[PDB]
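Below is my_file07.txt, which holds compact mmCIF, N, CA and C atoms.
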# COMPACT_ATOMS: atom_id res chain seq x y z
N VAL A 644 -17.29 196.32 31.11
CA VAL A 644 -18.27 196.63 30.07
C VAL A 644 -18.54 195.41 29.21
N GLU A 645 -17.48 194.72 28.77
CA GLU A 645 -17.74 193.50 28.00
C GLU A 645 -18.51 192.48 28.82
N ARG A 646 -18.16 192.34 30.10
CA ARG A 646 -18.86 191.40 30.97
C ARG A 646 -20.35 191.71 31.04
N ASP A 647 -20.69 192.98 31.24
CA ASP A 647 -22.09 193.36 31.37
C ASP A 647 -22.84 193.16 30.06
N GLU A 648 -22.22 193.49 28.93
CA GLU A 648 -22.91 193.33 27.66
C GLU A 648 -23.22 191.86 27.39
N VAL A 649 -22.24 190.98 27.64
CA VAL A 649 -22.50 189.56 27.47
C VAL A 649 -23.58 189.10 28.44
N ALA A 650 -23.60 189.67 29.64
CA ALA A 650 -24.66 189.33 30.59
C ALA A 650 -26.03 189.70 30.03
N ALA A 651 -26.13 190.87 29.39
CA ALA A 651 -27.40 191.27 28.79
C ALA A 651 -27.84 190.28 27.73
N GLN A 652 -26.91 189.87 26.86
CA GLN A 652 -27.28 188.87 25.86
C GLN A 652 -27.74 187.57 26.50
N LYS A 653 -27.05 187.12 27.55
CA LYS A 653 -27.44 185.87 28.19
C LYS A 653 -28.83 185.98 28.80
N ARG A 654 -29.14 187.11 29.43
CA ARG A 654 -30.47 187.30 29.99
C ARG A 654 -31.53 187.24 28.90
N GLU A 655 -31.27 187.90 27.77
CA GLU A 655 -32.23 187.85 26.67
C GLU A 655 -32.42 186.42 26.19
N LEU A 656 -31.34 185.66 26.08
CA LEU A 656 -31.46 184.28 25.62
C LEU A 656 -32.29 183.44 26.58
N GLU A 657 -32.05 183.55 27.88
CA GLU A 657 -32.87 182.78 28.81
C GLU A 657 -34.33 183.18 28.73
N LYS A 658 -34.61 184.48 28.62
CA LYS A 658 -36.01 184.89 28.53
C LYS A 658 -36.65 184.33 27.27
N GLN A 659 -35.92 184.35 26.15
CA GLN A 659 -36.45 183.79 24.91
C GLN A 659 -36.71 182.30 25.04
N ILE A 660 -35.77 181.56 25.63
CA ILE A 660 -35.94 180.13 25.82
C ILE A 660 -37.15 179.87 26.70
N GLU A 661 -37.30 180.66 27.76
CA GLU A 661 -38.33 180.41 28.75
C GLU A 661 -39.73 180.60 28.15
N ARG A 662 -39.88 181.53 27.22
CA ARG A 662 -41.19 181.74 26.59
C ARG A 662 -41.66 180.50 25.83
N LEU A 663 -40.74 179.66 25.37
CA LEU A 663 -41.06 178.50 24.54
C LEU A 663 -41.23 177.23 25.36
N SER A 664 -41.25 177.34 26.68
CA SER A 664 -41.10 176.16 27.52
C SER A 664 -42.40 175.38 27.69
N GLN A 665 -43.44 176.02 28.21
CA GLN A 665 -44.49 175.27 28.88
C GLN A 665 -45.80 176.03 28.75
N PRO A 666 -46.94 175.33 28.91
CA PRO A 666 -47.10 173.87 28.82
C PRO A 666 -47.15 173.57 27.34
N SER A 667 -47.83 174.50 26.68
CA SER A 667 -47.74 174.73 25.24
C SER A 667 -47.27 176.18 25.13
N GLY A 668 -45.97 176.36 24.92
CA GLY A 668 -45.32 177.65 25.10
C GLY A 668 -46.14 178.84 24.66
N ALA A 669 -46.40 179.74 25.60
CA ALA A 669 -47.31 180.85 25.39
C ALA A 669 -47.07 181.87 26.50
N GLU A 670 -48.02 182.79 26.67
CA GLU A 670 -47.94 183.76 27.75
C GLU A 670 -48.42 183.12 29.05
N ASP A 671 -47.76 182.02 29.41
CA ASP A 671 -48.16 181.10 30.46
C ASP A 671 -48.43 181.72 31.83
N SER A 672 -47.97 182.95 32.06
CA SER A 672 -48.05 183.52 33.41
C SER A 672 -49.48 183.45 33.94
N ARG A 673 -50.44 183.90 33.15
CA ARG A 673 -51.84 183.90 33.52
C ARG A 673 -52.70 183.00 32.66
N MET A 674 -52.25 182.67 31.45
CA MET A 674 -53.11 182.04 30.45
C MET A 674 -53.63 180.67 30.89
N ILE A 675 -52.86 179.91 31.66
CA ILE A 675 -53.30 178.57 32.04
C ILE A 675 -54.50 178.66 32.97
N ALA A 676 -54.39 179.49 34.01
CA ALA A 676 -55.53 179.74 34.89
C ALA A 676 -56.69 180.34 34.11
N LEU A 677 -56.41 181.29 33.21
CA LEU A 677 -57.49 181.86 32.41
C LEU A 677 -58.14 180.83 31.51
N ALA A 678 -57.40 179.79 31.14
CA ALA A 678 -57.95 178.75 30.28
C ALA A 678 -58.91 177.87 31.05
N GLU A 679 -58.56 177.53 32.29
CA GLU A 679 -59.50 176.71 33.06
C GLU A 679 -60.61 177.51 33.73
N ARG A 680 -60.43 178.80 34.01
CA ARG A 680 -61.50 179.53 34.68
C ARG A 680 -62.72 179.70 33.77
N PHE A 681 -62.56 179.50 32.47
CA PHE A 681 -63.69 179.36 31.56
C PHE A 681 -63.67 177.95 30.97
N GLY A 682 -64.83 177.50 30.52
CA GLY A 682 -64.94 176.17 29.96
C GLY A 682 -64.32 176.10 28.57
N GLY A 683 -63.03 176.42 28.47
CA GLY A 683 -62.38 176.55 27.18
C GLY A 683 -61.04 175.85 27.14
N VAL A 684 -60.42 175.93 25.97
CA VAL A 684 -59.12 175.32 25.71
C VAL A 684 -58.26 176.31 24.95
N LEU A 685 -56.97 176.34 25.27
CA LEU A 685 -56.04 177.24 24.60
C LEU A 685 -55.88 176.82 23.14
N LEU A 686 -55.98 177.80 22.24
CA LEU A 686 -55.91 177.48 20.81
C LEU A 686 -54.57 176.89 20.43
N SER A 687 -53.47 177.47 20.92
CA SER A 687 -52.16 176.94 20.58
C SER A 687 -52.02 175.49 21.00
N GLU A 688 -52.72 175.10 22.06
CA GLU A 688 -52.67 173.71 22.50
C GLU A 688 -53.46 172.81 21.55
N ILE A 689 -54.56 173.31 20.99
CA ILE A 689 -55.31 172.54 20.01
C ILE A 689 -54.45 172.28 18.78
N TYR A 690 -53.62 173.25 18.40
CA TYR A 690 -52.72 173.12 17.26
C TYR A 690 -51.33 172.64 17.67
N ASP A 691 -51.24 171.86 18.74
CA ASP A 691 -49.95 171.35 19.18
C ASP A 691 -49.30 170.46 18.13
N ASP A 692 -50.10 169.69 17.40
CA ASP A 692 -49.57 168.58 16.62
C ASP A 692 -49.28 168.95 15.16
N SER B 1236 -49.39 175.35 39.41
CA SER B 1236 -49.46 174.64 40.68
C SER B 1236 -50.69 173.74 40.72
N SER B 1237 -50.62 172.74 41.59
CA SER B 1237 -51.74 171.89 41.98
C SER B 1237 -52.71 171.54 40.86
N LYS B 1238 -53.93 172.07 40.92
CA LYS B 1238 -55.02 171.56 40.09
C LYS B 1238 -54.63 171.49 38.62
N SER B 1239 -53.97 172.53 38.11
CA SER B 1239 -53.67 172.56 36.68
C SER B 1239 -52.77 171.40 36.28
N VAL B 1240 -51.79 171.06 37.12
CA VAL B 1240 -50.95 169.90 36.84
C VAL B 1240 -51.81 168.64 36.77
N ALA B 1241 -52.72 168.48 37.73
CA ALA B 1241 -53.60 167.33 37.72
C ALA B 1241 -54.41 167.28 36.43
N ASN B 1242 -54.89 168.44 35.96
CA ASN B 1242 -55.70 168.46 34.75
C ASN B 1242 -54.90 168.05 33.52
N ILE B 1243 -53.67 168.55 33.38
CA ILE B 1243 -52.88 168.15 32.22
C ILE B 1243 -52.58 166.66 32.28
N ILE B 1244 -52.27 166.14 33.47
CA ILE B 1244 -52.04 164.70 33.58
C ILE B 1244 -53.30 163.93 33.21
N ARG B 1245 -54.45 164.36 33.72
CA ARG B 1245 -55.69 163.66 33.41
C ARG B 1245 -55.99 163.68 31.92
N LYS B 1246 -55.81 164.84 31.27
CA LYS B 1246 -56.08 164.90 29.83
C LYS B 1246 -55.13 164.01 29.05
N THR B 1247 -53.85 164.00 29.42
CA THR B 1247 -52.91 163.11 28.74
C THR B 1247 -53.34 161.66 28.89
N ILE B 1248 -53.70 161.27 30.11
CA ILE B 1248 -54.16 159.90 30.35
C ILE B 1248 -55.39 159.60 29.51
N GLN B 1249 -56.33 160.54 29.46
CA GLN B 1249 -57.57 160.32 28.73
C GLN B 1249 -57.30 160.14 27.25
N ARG B 1250 -56.43 160.98 26.69
CA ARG B 1250 -56.10 160.87 25.27
C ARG B 1250 -55.44 159.54 24.97
N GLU B 1251 -54.52 159.09 25.82
CA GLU B 1251 -53.89 157.80 25.59
C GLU B 1251 -54.92 156.67 25.66
N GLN B 1252 -55.81 156.72 26.65
CA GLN B 1252 -56.84 155.69 26.74
C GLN B 1252 -57.70 155.67 25.48
N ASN B 1253 -58.08 156.84 24.98
CA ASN B 1253 -58.93 156.88 23.79
C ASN B 1253 -58.20 156.34 22.57
N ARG B 1254 -56.95 156.75 22.36
CA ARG B 1254 -56.23 156.23 21.21
C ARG B 1254 -56.11 154.72 21.29
N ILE B 1255 -55.76 154.19 22.47
CA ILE B 1255 -55.69 152.75 22.61
C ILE B 1255 -57.03 152.12 22.27
N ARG B 1256 -58.12 152.72 22.74
CA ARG B 1256 -59.44 152.18 22.45
C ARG B 1256 -59.71 152.15 20.95
N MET B 1257 -59.19 153.13 20.21
CA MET B 1257 -59.37 153.11 18.76
C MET B 1257 -58.55 152.00 18.12
N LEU B 1258 -57.27 151.87 18.49
CA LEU B 1258 -56.48 150.75 17.99
C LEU B 1258 -57.15 149.43 18.33
N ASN B 1259 -57.75 149.36 19.52
CA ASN B 1259 -58.32 148.12 20.01
C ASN B 1259 -59.42 147.60 19.09
N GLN B 1260 -60.17 148.50 18.44
CA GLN B 1260 -61.32 148.06 17.65
C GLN B 1260 -60.90 147.34 16.37
N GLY B 1261 -59.74 147.69 15.81
CA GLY B 1261 -59.32 147.04 14.58
C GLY B 1261 -59.05 145.57 14.74
N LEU B 1262 -58.84 145.10 15.97
CA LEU B 1262 -58.51 143.72 16.25
C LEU B 1262 -59.70 142.88 16.68
N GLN B 1263 -60.91 143.44 16.71
CA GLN B 1263 -62.07 142.64 17.05
C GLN B 1263 -62.31 141.57 15.99
N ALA B 1264 -62.78 140.42 16.43
CA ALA B 1264 -63.18 139.33 15.54
C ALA B 1264 -62.03 138.92 14.63
N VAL B 1265 -60.94 138.50 15.26
CA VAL B 1265 -59.83 137.85 14.57
C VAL B 1265 -59.81 136.40 15.04
N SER B 1266 -59.88 135.47 14.10
CA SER B 1266 -60.02 134.06 14.41
C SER B 1266 -58.65 133.39 14.30
N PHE B 1267 -58.17 132.86 15.42
CA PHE B 1267 -56.92 132.11 15.48
C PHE B 1267 -57.19 130.89 16.34
N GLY B 1268 -57.47 129.75 15.72
CA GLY B 1268 -57.87 128.60 16.50
C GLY B 1268 -59.09 128.96 17.32
N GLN B 1269 -58.98 128.80 18.63
CA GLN B 1269 -60.08 129.12 19.54
C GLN B 1269 -60.04 130.55 20.04
N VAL B 1270 -59.02 131.33 19.70
CA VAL B 1270 -58.99 132.74 20.06
C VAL B 1270 -59.86 133.51 19.09
N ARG B 1271 -60.67 134.43 19.62
CA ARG B 1271 -61.62 135.18 18.83
C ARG B 1271 -61.48 136.69 18.97
N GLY B 1272 -60.57 137.17 19.81
CA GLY B 1272 -60.33 138.60 19.92
C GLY B 1272 -59.13 138.88 20.79
N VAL B 1273 -58.59 140.08 20.62
CA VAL B 1273 -57.40 140.53 21.35
C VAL B 1273 -57.63 141.96 21.80
N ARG B 1274 -57.09 142.31 22.98
CA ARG B 1274 -57.24 143.65 23.51
C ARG B 1274 -55.97 144.08 24.23
N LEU B 1275 -55.80 145.39 24.34
CA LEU B 1275 -54.81 146.01 25.22
C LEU B 1275 -55.57 146.65 26.38
N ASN B 1276 -55.49 146.02 27.55
CA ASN B 1276 -56.23 146.49 28.71
C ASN B 1276 -55.40 147.54 29.45
N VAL B 1277 -55.97 148.73 29.62
CA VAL B 1277 -55.28 149.87 30.22
C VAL B 1277 -56.00 150.23 31.51
N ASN B 1278 -55.24 150.39 32.59
CA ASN B 1278 -55.80 150.70 33.89
C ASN B 1278 -54.87 151.66 34.62
N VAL B 1279 -55.41 152.30 35.65
CA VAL B 1279 -54.69 153.29 36.45
C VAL B 1279 -54.39 152.68 37.81
N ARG B 1280 -53.13 152.76 38.22
CA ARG B 1280 -52.74 152.25 39.52
C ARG B 1280 -53.37 153.06 40.65
N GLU B 1281 -53.78 152.36 41.70
CA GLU B 1281 -54.46 153.01 42.82
C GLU B 1281 -53.55 154.01 43.50
N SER B 1282 -52.33 153.58 43.84
CA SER B 1282 -51.45 154.43 44.63
C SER B 1282 -51.23 155.77 43.95
N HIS B 1283 -51.36 155.81 42.62
CA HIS B 1283 -51.27 157.06 41.89
C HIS B 1283 -52.63 157.72 41.69
N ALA B 1284 -53.71 156.95 41.60
CA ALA B 1284 -55.03 157.55 41.49
C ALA B 1284 -55.35 158.41 42.71
N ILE B 1285 -55.09 157.88 43.91
CA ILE B 1285 -55.36 158.66 45.11
C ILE B 1285 -54.46 159.89 45.16
N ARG C 199 -35.72 144.11 17.91
CA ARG C 199 -36.60 143.21 18.65
C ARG C 199 -37.89 143.01 17.90
N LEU C 200 -38.49 144.10 17.43
CA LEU C 200 -39.74 143.99 16.67
C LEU C 200 -39.56 143.09 15.46
N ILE C 201 -38.53 143.37 14.65
CA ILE C 201 -38.36 142.63 13.41
C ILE C 201 -38.14 141.15 13.69
N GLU C 202 -37.21 140.83 14.59
CA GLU C 202 -36.85 139.43 14.80
C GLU C 202 -37.97 138.67 15.50
N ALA C 203 -38.71 139.32 16.40
CA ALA C 203 -39.88 138.70 16.98
C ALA C 203 -40.90 138.35 15.90
N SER C 204 -41.09 139.25 14.93
CA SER C 204 -41.97 138.91 13.83
C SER C 204 -41.41 137.74 13.03
N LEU C 205 -40.09 137.71 12.85
CA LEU C 205 -39.48 136.68 12.00
C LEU C 205 -39.70 135.29 12.58
N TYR C 206 -39.34 135.09 13.85
CA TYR C 206 -39.49 133.75 14.42
C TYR C 206 -40.92 133.41 14.80
N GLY C 207 -41.71 134.40 15.21
CA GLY C 207 -43.10 134.17 15.55
C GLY C 207 -43.29 133.76 17.00
N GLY C 208 -44.49 134.00 17.49
CA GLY C 208 -44.87 133.71 18.86
C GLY C 208 -44.94 134.98 19.70
N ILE C 209 -45.59 134.84 20.85
CA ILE C 209 -45.71 135.96 21.79
C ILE C 209 -44.32 136.25 22.34
N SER C 210 -43.73 137.36 21.91
CA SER C 210 -42.37 137.68 22.31
C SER C 210 -42.30 137.96 23.81
N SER C 211 -41.33 137.34 24.48
CA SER C 211 -41.16 137.59 25.91
C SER C 211 -40.76 139.04 26.17
N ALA C 212 -39.79 139.54 25.40
CA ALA C 212 -39.28 140.89 25.66
C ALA C 212 -40.35 141.94 25.40
N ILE C 213 -41.12 141.79 24.32
CA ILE C 213 -42.21 142.74 24.07
C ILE C 213 -43.20 142.71 25.22
N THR C 214 -43.49 141.51 25.73
CA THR C 214 -44.48 141.37 26.79
C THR C 214 -44.01 142.02 28.08
N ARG C 215 -42.72 141.89 28.41
CA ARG C 215 -42.21 142.47 29.65
C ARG C 215 -42.41 143.98 29.67
N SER C 216 -41.95 144.67 28.62
CA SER C 216 -41.87 146.13 28.59
C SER C 216 -43.00 146.77 27.80
N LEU C 217 -44.21 146.24 27.89
CA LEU C 217 -45.32 146.65 27.04
C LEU C 217 -45.52 148.17 27.02
N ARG C 218 -45.48 148.81 28.19
CA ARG C 218 -45.67 150.26 28.21
C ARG C 218 -44.55 150.98 27.48
N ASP C 219 -43.32 150.46 27.55
CA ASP C 219 -42.21 151.12 26.87
C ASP C 219 -42.40 151.10 25.36
N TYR C 220 -43.09 150.10 24.82
CA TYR C 220 -43.29 150.00 23.39
C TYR C 220 -44.53 150.76 22.92
N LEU C 221 -45.66 150.61 23.63
CA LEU C 221 -46.92 151.13 23.10
C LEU C 221 -47.22 152.59 23.46
N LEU C 222 -46.50 153.22 24.38
CA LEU C 222 -46.87 154.57 24.78
C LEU C 222 -45.80 155.58 24.40
N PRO C 223 -46.16 156.67 23.73
CA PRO C 223 -45.18 157.72 23.47
C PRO C 223 -44.87 158.52 24.73
N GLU C 224 -43.66 159.06 24.78
CA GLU C 224 -43.22 159.86 25.92
C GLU C 224 -43.55 161.32 25.66
N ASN C 225 -44.14 161.98 26.66
CA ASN C 225 -44.64 163.34 26.53
C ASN C 225 -43.75 164.29 27.32
N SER C 226 -43.28 165.34 26.66
CA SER C 226 -42.39 166.31 27.30
C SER C 226 -43.14 167.43 28.01
N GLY C 227 -44.38 167.72 27.60
CA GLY C 227 -45.07 168.90 28.12
C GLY C 227 -45.11 168.92 29.64
N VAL C 228 -45.38 167.76 30.24
CA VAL C 228 -45.53 167.67 31.69
C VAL C 228 -44.25 168.05 32.43
N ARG C 229 -43.10 168.02 31.75
CA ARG C 229 -41.79 168.08 32.40
C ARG C 229 -41.07 169.43 32.29
N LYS C 230 -41.01 169.98 31.08
CA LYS C 230 -40.04 171.03 30.82
C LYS C 230 -40.38 172.30 31.58
N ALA C 231 -41.67 172.54 31.81
CA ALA C 231 -42.07 173.63 32.69
C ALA C 231 -41.31 173.57 33.99
N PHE C 232 -41.27 172.38 34.58
CA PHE C 232 -40.73 172.24 35.92
C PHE C 232 -39.21 172.19 35.89
N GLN C 233 -38.62 171.72 34.79
CA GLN C 233 -37.18 171.88 34.65
C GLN C 233 -36.78 173.35 34.59
N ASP C 234 -37.53 174.18 33.86
CA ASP C 234 -37.19 175.60 33.83
C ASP C 234 -37.44 176.26 35.17
N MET C 235 -38.58 175.96 35.81
CA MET C 235 -38.85 176.58 37.11
C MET C 235 -37.82 176.14 38.13
N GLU C 236 -37.38 174.88 38.04
CA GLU C 236 -36.40 174.32 38.96
C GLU C 236 -34.99 174.86 38.74
N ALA C 237 -34.75 175.53 37.61
CA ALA C 237 -33.39 175.85 37.20
C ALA C 237 -32.68 176.73 38.23
N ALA C 238 -33.35 177.75 38.74
CA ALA C 238 -32.69 178.68 39.65
C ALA C 238 -32.15 177.96 40.87
N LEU C 239 -32.91 177.01 41.41
CA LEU C 239 -32.45 176.26 42.57
C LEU C 239 -31.29 175.34 42.22
N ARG C 240 -31.35 174.69 41.05
CA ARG C 240 -30.29 173.76 40.67
C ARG C 240 -28.95 174.47 40.59
N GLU C 241 -28.92 175.62 39.92
CA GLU C 241 -27.67 176.37 39.79
C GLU C 241 -27.14 176.79 41.15
N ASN C 242 -28.03 177.25 42.03
CA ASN C 242 -27.62 177.70 43.35
C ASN C 242 -27.01 176.55 44.15
N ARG C 243 -27.66 175.39 44.12
CA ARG C 243 -27.14 174.23 44.84
C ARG C 243 -25.76 173.84 44.33
N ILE C 244 -25.60 173.80 43.01
CA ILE C 244 -24.31 173.41 42.44
C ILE C 244 -23.24 174.41 42.84
N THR C 245 -23.57 175.70 42.81
CA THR C 245 -22.61 176.72 43.21
C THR C 245 -22.18 176.53 44.66
N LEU C 246 -23.15 176.24 45.54
CA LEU C 246 -22.82 176.03 46.95
C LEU C 246 -21.88 174.84 47.12
N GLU C 247 -22.14 173.75 46.40
CA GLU C 247 -21.26 172.60 46.53
C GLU C 247 -19.85 172.94 46.05
Show me, as structure tokens, the structure contained in the file I just sent.
Amino acid sequence: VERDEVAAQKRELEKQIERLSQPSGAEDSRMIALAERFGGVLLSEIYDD
Amino acid sequence: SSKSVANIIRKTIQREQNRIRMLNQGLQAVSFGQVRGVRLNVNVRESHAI
Amino acid sequence: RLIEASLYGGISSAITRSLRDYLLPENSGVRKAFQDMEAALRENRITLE
């Protein structure tokens, strides 16, 4: 039980880290393709700096 | 994958070229003996362009 | 290097050699996506070894 609970925390931590990764951390799964399929730019990327 | 990576690389390259071009203008018409200007020339290697 | 090159004067040899290392900032965006995507394989390979 302790092993599994710690495993749950570790999974949550990796998922949290992964959301902040790339390219400008966002809902990257579809958003990058959705950004180029229209003549647009992701807002979070405009506010990168 | 593929195209999107190329686009981010291209935009990064473009932004660096533009910033350099802005820095470059501040150094126009500087007189040092017979030298009259200075530049930072930026180019893309072929083996990577292809 | 910057300070002492300014102090003595002249076109610094060391600055000239590594020009890109001095004038260009390093960008993480291009990389960390692929470090995270690569992670599952890295762990598996290390475990196998």
### Task
May I ask you to extract the residues of chain C within 8 Å of chain A, using all atoms listed in the file, and to give them as an NGL selection string?
:C and (226-232 or 234)
N, CA and C atoms of the current selection, written as a PDB file, in the coordinates of the input:
ATOM      1  N   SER C 226     -43.280 165.340  26.660  1.00  0.00           N
ATOM      2  CA  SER C 226     -42.390 166.310  27.300  1.00  0.00           C
ATOM      3  C   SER C 226     -43.140 167.430  28.010  1.00  0.00           C
ATOM      4  N   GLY C 227     -44.380 167.720  27.600  1.00  0.00           N
ATOM      5  CA  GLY C 227     -45.070 168.900  28.120  1.00  0.00           C
ATOM      6  C   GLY C 227     -45.110 168.920  29.640  1.00  0.00           C
ATOM      7  N   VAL C 228     -45.380 167.760  30.240  1.00  0.00           N
ATOM      8  CA  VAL C 228     -45.530 167.670  31.690  1.00  0.00           C
ATOM      9  C   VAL C 228     -44.250 168.050  32.430  1.00  0.00           C
ATOM     10  N   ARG C 229     -43.100 168.020  31.750  1.00  0.00           N
ATOM     11  CA  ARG C 229     -41.790 168.080  32.400  1.00  0.00           C
ATOM     12  C   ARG C 229     -41.070 169.430  32.290  1.00  0.00           C
ATOM     13  N   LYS C 230     -41.010 169.980  31.080  1.00  0.00           N
ATOM     14  CA  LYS C 230     -40.040 171.030  30.820  1.00  0.00           C
ATOM     15  C   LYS C 230     -40.380 172.300  31.580  1.00  0.00           C
ATOM     16  N   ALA C 231     -41.670 172.540  31.810  1.00  0.00           N
ATOM     17  CA  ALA C 231     -42.070 173.630  32.690  1.00  0.00           C
ATOM     18  C   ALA C 231     -41.310 173.570  33.990  1.00  0.00           C
ATOM     19  N   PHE C 232     -41.270 172.380  34.580  1.00  0.00           N
ATOM     20  CA  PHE C 232     -40.730 172.240  35.920  1.00  0.00           C
ATOM     21  C   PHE C 232     -39.210 172.190  35.890  1.00  0.00           C
ATOM     22  N   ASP C 234     -37.530 174.180  33.860  1.00  0.00           N
ATOM     23  CA  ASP C 234     -37.190 175.600  33.830  1.00  0.00           C
ATOM     24  C   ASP C 234     -37.440 176.260  35.170  1.00  0.00           C
TER      25      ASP C 234
END
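Counting from atom N of residue 1261 of chain B, the distance to atom C of residue 1276 of chain B is 14.3 Å.
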### Best match for closeness to residue 1262 of chain B among B:1250, B:1274, B:1238, B:1280, counting only N, CA and C atoms
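Smallest distance to residue 1262 of chain B is found for B:1274.
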#### Entry: Which of A:675, A:681, A:669, A:656 sits closest to chain B [using all atoms listed in the file]
A:675
### Distance-based interface of chain B with chain C, 8 Å, counting only N, CA and C atoms, as number ranges by chain
B: 1240, 1243-1244, 1251
### Query
For chain A, which residue out of B:1264, B:1252, B:1275, B:1239 is the nearest one, using only N, CA and C atoms?
B:1239
### Å distance separating atom N of residue 676 of chain A from atom N of residue 1236 of chain B, one decimal place
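Computed distance, atom N of residue 676 of chain A to atom N of residue 1236 of chain B, equals 8.4 Å.
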Export segment 1253-1264 of chain B from the structure block above, keeping N, CA, C and O atoms, as a PDB file, in the first residue's frame.
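To be explicit, this is the file written out as out.pdb:
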ATOM      1  N   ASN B1253      17.489  38.941 -37.033  1.00  0.00           N
ATOM      2  CA  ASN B1253      16.932  40.286 -36.922  1.00  0.00           C
ATOM      3  C   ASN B1253      17.567  41.055 -35.774  1.00  0.00           C
ATOM      4  O   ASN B1253      17.922  42.231 -35.927  1.00  0.00           O
ATOM      5  N   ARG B1254      17.724  40.417 -34.611  1.00  0.00           N
ATOM      6  CA  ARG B1254      18.357  41.131 -33.506  1.00  0.00           C
ATOM      7  C   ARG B1254      19.766  41.553 -33.880  1.00  0.00           C
ATOM      8  O   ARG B1254      20.168  42.693 -33.622  1.00  0.00           O
ATOM      9  N   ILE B1255      20.534  40.654 -34.495  1.00  0.00           N
ATOM     10  CA  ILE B1255      21.876  41.026 -34.922  1.00  0.00           C
ATOM     11  C   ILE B1255      21.809  42.211 -35.871  1.00  0.00           C
ATOM     12  O   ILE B1255      22.603  43.156 -35.769  1.00  0.00           O
ATOM     13  N   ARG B1256      20.856  42.192 -36.799  1.00  0.00           N
ATOM     14  CA  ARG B1256      20.730  43.291 -37.744  1.00  0.00           C
ATOM     15  C   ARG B1256      20.446  44.605 -37.027  1.00  0.00           C
ATOM     16  O   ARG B1256      20.891  45.670 -37.469  1.00  0.00           O
ATOM     17  N   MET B1257      19.708  44.555 -35.918  1.00  0.00           N
ATOM     18  CA  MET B1257      19.458  45.779 -35.160  1.00  0.00           C
ATOM     19  C   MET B1257      20.724  46.265 -34.461  1.00  0.00           C
ATOM     20  O   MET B1257      21.060  47.453 -34.523  1.00  0.00           O
ATOM     21  N   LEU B1258      21.437  45.365 -33.782  1.00  0.00           N
ATOM     22  CA  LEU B1258      22.717  45.742 -33.193  1.00  0.00           C
ATOM     23  C   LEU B1258      23.644  46.305 -34.258  1.00  0.00           C
ATOM     24  O   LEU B1258      24.391  47.259 -34.013  1.00  0.00           O
ATOM     25  N   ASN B1259      23.596  45.720 -35.452  1.00  0.00           N
ATOM     26  CA  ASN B1259      24.516  46.088 -36.515  1.00  0.00           C
ATOM     27  C   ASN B1259      24.388  47.557 -36.893  1.00  0.00           C
ATOM     28  O   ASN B1259      25.382  48.187 -37.271  1.00  0.00           O
ATOM     29  N   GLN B1260      23.182  48.118 -36.805  1.00  0.00           N
ATOM     30  CA  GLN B1260      22.971  49.482 -37.285  1.00  0.00           C
ATOM     31  C   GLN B1260      23.625  50.519 -36.381  1.00  0.00           C
ATOM     32  O   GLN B1260      24.018  51.589 -36.858  1.00  0.00           O
ATOM     33  N   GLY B1261      23.744  50.235 -35.084  1.00  0.00           N
ATOM     34  CA  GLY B1261      24.352  51.200 -34.187  1.00  0.00           C
ATOM     35  C   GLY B1261      25.806  51.480 -34.489  1.00  0.00           C
ATOM     36  O   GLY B1261      26.335  52.509 -34.056  1.00  0.00           O
ATOM     37  N   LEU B1262      26.467  50.585 -35.221  1.00  0.00           N
ATOM     38  CA  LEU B1262      27.883  50.701 -35.526  1.00  0.00           C
ATOM     39  C   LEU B1262      28.166  51.283 -36.904  1.00  0.00           C
ATOM     40  O   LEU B1262      29.332  51.354 -37.295  1.00  0.00           O
ATOM     41  N   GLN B1263      27.145  51.679 -37.656  1.00  0.00           N
ATOM     42  CA  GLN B1263      27.397  52.309 -38.940  1.00  0.00           C
ATOM     43  C   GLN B1263      28.106  53.642 -38.747  1.00  0.00           C
ATOM     44  O   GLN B1263      27.871  54.366 -37.775  1.00  0.00           O
ATOM     45  N   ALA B1264      28.986  53.962 -39.690  1.00  0.00           N
ATOM     46  CA  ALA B1264      29.666  55.250 -39.731  1.00  0.00           C
ATOM     47  C   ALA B1264      30.414  55.516 -38.426  1.00  0.00           C
ATOM     48  O   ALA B1264      30.152  56.479 -37.705  1.00  0.00           O
TER      49      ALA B1264
END
